[PDB]
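Structural characterization, general
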Amino acid sequence: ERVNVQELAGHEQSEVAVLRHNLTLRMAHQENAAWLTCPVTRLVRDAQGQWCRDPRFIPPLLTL
Amino acid sequence: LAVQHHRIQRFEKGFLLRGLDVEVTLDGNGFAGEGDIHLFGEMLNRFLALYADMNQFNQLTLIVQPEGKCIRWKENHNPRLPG
């Protein structure tokens, strides 16, 4: 990735190449050749065809 | 009287591309009716007749007398074709 970076003693910015990770959102029942090991949500639908995030989901936690 | 300058530019992919800087001055008044109209319509002409080498990033900086503004002109010039 290439963006603009400046912090130095001075007021000029230039462009340097930085490193960014690659994420995607797969599902639970597909495969495990990628990584997951972490849920983030759980989707249940309404009877009107409306997916909603259920309020009783709990991820594995680092903080409250 | 026109002044010759030159400059060094960084590219997107991290390379230096040589350029120049032309600096012309109007100084003196009554160019034409609307300099906002004419000197815009003038620099679209005088820039296009300024292709002068093969590895020269383009250079037009129009300076009307210190009466509020100086007009720059540059384009996205790339290693395929000048813009």
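Its PDB header attributes the entry to cryo-EM and lists the resolution as 4.3 Å.

Concerning the layout of surface pockets
The computed volume of the largest pocket comes to approximately 850 Å³. Taken together, 18 residues line the largest pocket, and the ones lying closest to its centre are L25, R26, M27, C38 and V40 of chain A. Tallied by class, residues from the lining of the largest pocket come to twelve nonpolar, four polar and two charged. Approximately 630 Å³ is the volume attributed to the second largest pocket. The wall of the second largest pocket is formed by 25 residues, among which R7, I8, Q9, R10 and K74 of chain B lie closest to the centre.

About the cut-offs
Residues numbered from 1 in each chain as written, not as in the entry; some residues may be left out. Chains lettered and ligands numbered in written order. Part of a larger assembly, values for the part shown. Heavy atoms only, no water. Residues with missing side-chain atoms left out of burial classes, pairs and counts. 1 Å grid on protein atoms, 1.4 Å probe; cavity = no way out; pocket = protein on both sides within 12 Å on 5 of 7 lines; lining within 4 Å. Points joined across faces, edges and corners; volume = space filled by probe spheres on them. Nonpolar A, V, L, I, M, F, W, Y, C, P; charged D, E, K, R; others polar.

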